[PDB]
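> sequence, then the experimental structure. Questions to follow.
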Amino acid sequence: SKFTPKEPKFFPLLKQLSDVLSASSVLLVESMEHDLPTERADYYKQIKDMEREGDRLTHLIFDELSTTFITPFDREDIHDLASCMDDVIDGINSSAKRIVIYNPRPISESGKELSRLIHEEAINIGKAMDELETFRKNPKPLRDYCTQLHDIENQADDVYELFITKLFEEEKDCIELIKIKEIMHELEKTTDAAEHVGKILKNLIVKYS
Amino acid sequence: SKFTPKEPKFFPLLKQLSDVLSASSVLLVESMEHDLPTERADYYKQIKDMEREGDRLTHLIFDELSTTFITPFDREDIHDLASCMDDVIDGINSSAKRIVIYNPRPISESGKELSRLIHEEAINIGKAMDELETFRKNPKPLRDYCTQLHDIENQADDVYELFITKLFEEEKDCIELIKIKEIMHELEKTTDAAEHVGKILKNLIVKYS
Amino acid sequence: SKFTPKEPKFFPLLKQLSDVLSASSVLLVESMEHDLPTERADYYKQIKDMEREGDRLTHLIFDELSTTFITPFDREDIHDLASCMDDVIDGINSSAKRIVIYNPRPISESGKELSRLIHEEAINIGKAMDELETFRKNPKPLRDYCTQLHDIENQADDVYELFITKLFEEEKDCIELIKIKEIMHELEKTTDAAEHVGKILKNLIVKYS
């Protein structure tokens, strides 16, 4: 009998989870360029497949954490990165779901912009995951990705706030107002969830400083 | 002075919490067969008593966890099972609350079906709790309860999605639409919370495999 | 080379976080006495500054926890106190945000009462933080602050329930109903979040009993 090392690849799993997030964000942006129910259902089904894969990967990370004593940085942060990235994926899925069930009129430029900001956050998150092996030597690149996520969330919240303010001043059809309010709310929660990933990363830098 | 063992009965407490959940689910199903405010208030008060008992039990589990060094399986999973079961109970309570404050017209077959699916999930959860002592020897029965919870949640989400889709196509009274949308949303969140219990159990099997 | 002690002041940080919460609650109460958008935006901006400071302090606590092996009481409870106090601050911020974006008519006495109850909870939380150093010797004062938080939340939920019940019976303008429903919902979630702080404190007493 001999010693056989465990190969929990926490970094590759976090990178794969980030890849799913980015793929999901691309699908959401594309979906909003289509207005009919059949096409919206197709995008939702594709996003749901990404959601199932993200959930699988997230649970694999948690299961590897629960059974491995040695981790590259503190286990709470690994757990939290995984859970928060999965929350973004779930927000993207919920947004697609709502578009299908509410069947709003063609999504305005503001909804489309929230989708583009979610994708920009996903790109920043993916680049941040490439820094997990080296932030202890040089935290600057990671730090800057965190600042960018913060800035994107400020822009997203403004887009959302201005849209809702105007929606309530202008839209007299209460049923259409409800539809788009619920979709837009899910989109803004998603952009906020993505910023929380940045917040975990920022504080990871602090803990190891 | 001698050694006196601590008898933290984690399994009995989890089973009692499951019993509260099941009792709550029975009350919710029954409540929907009554349409008048006085009867709905009575059911809500009864469910609220179950919610208080569930919250008590959940906090007892957490308090026993915080003071006991030895646990039958990992403490995070015990904590999470308790918290997630309590979330289902709280969702049932919130659903009953909403029915009282919104005072909708008699609940449709779709709302009633979501209540029946929550109860079916509660039954599966109760049977799963009977497997905590033996899943390490034979995980198959537990595994199968997890699969069933997954399937019930798929059915619940479809019930919800189809109802909302139709609601927005047909209901021209925006105030009635709001009432039932909020109740139905709480019901679908409850069915999803119950599936999360299954997800924790499924991964418990994986961790100990 | 010599030993240099780490001065993580967990109690002072929790007290400062409580101070931010209380300051935020004062601003929310004051804000509701003003009905025009410019004044509401000003209060929201001031509350948002408190939200940023609360979030900073919360993350400082978490970062000190992640790097310090010795804590005055269990780390999970410190983490949870910080996170739950921050959730109240965030609820106050969300409430102010909603008032700005929805632009409702002058807030009724019920909304104003929910703001006064949030402030009363904040006061109780601040007094509770003064008991963290001594609850092990004498838990009675802390216990009583927890009971008060519980009672305030019962009153808040009743205020909310009665307001919504009446709102749905009386308000025929669906767009105005939506505005105030969303604000009131955020206010009641905030009062509930504050009660959760009391629940953590109550169970802290139990764990150390």
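Great, that's in hand. Numbering: from 1, shown residues only, chains lettered A, B, ... in the order given.

> give me the buried positions along the longest helix along chain A.
Looking across chain A with DSSP state H, the single longest helix is helix A:174-207. Of all the residues in helix A:174-207, those buried under the rule 16 or more other C-beta atoms under 10 Å in any protein chain shown are A:174-175, A:177-207. To be clear about C-beta, it is placed using only N, CA and C from the backbone, and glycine gets the same treatment.

> likewise for stretch A:60-74?
A:60-66, A:73.

> with stretch A:108-115 instead?
For stretch A:108-115, a neighbour-count test (16+ other C-beta under 10 Å) marks A:110-115 as buried.

> helices or strands up against the longest helix of chain A?
helix A:75-102, helix A:109-129, helix A:140-170, helix B:174-207, helix C:37-67, helix C:174-207 (3 or more C-beta pairs under 8 Å, 6 or more residues apart in numbering or on different chains; DSSP states H and E).

> list the buried residues of the first one.
Buried residues in helix A:75-102, counting neighbours by 16+ other C-beta under 10 Å, are found at A:75-82, A:84-102.

> surely residue A:103 meets residue A:180?
No. Taking contacts as C-beta atoms under 8 Å, residue A:103 lies outside contact range of residue A:180: 11.0 Å.

> which parts of chain A sit against chain B?
Proximity of chain A to chain B, by C-beta under 8 Å from any C-beta of the partner chain, involves residues A:59, A:62-63, A:66-67, A:97, A:100-103, A:174-175, A:178-179.

> state the pair within these that is farthest apart.
Taking C-beta to C-beta, the two most distant members of these are A:67 and A:174; they sit 52.3 Å apart.

> find the centremost residue of chain A, please.
residue A:88 (2.9 Å; C-alpha atoms, centre = their mean).

> list the contacts for that one?
A:21, A:118, A:121-122, A:125, A:190, A:193-194, A:197 (C-beta atoms under 8 Å, 6 or more residues apart in numbering or on different chains).

> and the spatially closest residue to residue A:95 that is not a sequence neighbour, how close does it get to residue B:166?
In space, residue A:95 comes closest to residue A:186 once its chain neighbours are excluded; the distance is 4.5 Å by C-beta to C-beta, 6 or more residues apart in numbering or on different chains. According to C-beta to C-beta, to the nearest Å, residue A:186 and residue B:166 sit 20 Å apart.

> what does stretch A:177-191 contact?
For stretch A:177-191, using C-beta under 8 Å, 6+ apart, the contacting residues are A:88, A:91-92, A:94-95, A:98-99, A:102-105, A:107-108, A:110-111, A:114-115, A:117-118, A:121, A:152-153, A:156-157, A:160, A:163-164, A:167-168, A:171, B:168, B:174, B:177-178, B:181, C:175, C:178.

> now with 7 Å, please.
The set of residues external to stretch A:177-191 that reach it, using C-beta atoms under 7 Å, 6 or more residues apart in numbering or on different chains, is A:88, A:91-92, A:94-95, A:98-99, A:102, A:104, A:111, A:114-115, A:117-118, A:121, A:153, A:156-157, A:160, A:163-164, A:167, A:171, B:168, C:175.

> now swap in stretch A:198-209 and tell me
Counting by C-beta under 7 Å, 6+ apart, A:73-74, A:77, A:80-81, A:84, A:128, A:135-136, A:139, A:142-143, A:146, A:149-150, C:59, C:62-63, C:66-67 sit against stretch A:198-209.

> got the buried residues of stretch A:108-115 as CSV, with distance to residue A:28 columns?
Shown next, in CSV, are the buried residues of stretch A:108-115 (distance: C-beta to C-beta, whole Å):
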residue, distance to residue A:28
A:110, 14
A:111, 10
A:112, 10
A:113, 12
A:114, 9
A:115, 5
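
> nearest to residue A:25, of those?
Using C-beta to C-beta, the buried residues of stretch A:108-115 come closest to residue A:25 at residue A:115, 7.5 Å.

> wait, doesn't that closest one sit right on residue A:30?
No. Residue A:115 lies out of contact with residue A:30 (C-beta atoms under 7 Å); the separation is 8.9 Å.

> residue numbers of chain A in contact with chain C?
Residues of chain A lying close to chain C (C-beta under 7 Å from any C-beta of the partner chain) are A:74, A:76, A:161, A:164-165, A:168, A:174, A:177, A:203, A:206-207.

> go again using 8 Å as the cut-off
Looking at chain C, the residues of chain A close enough under C-beta under 8 Å from any C-beta are A:74, A:76-77, A:161, A:164-165, A:168-169, A:171-172, A:174, A:177-178, A:181, A:199, A:203, A:206-207.
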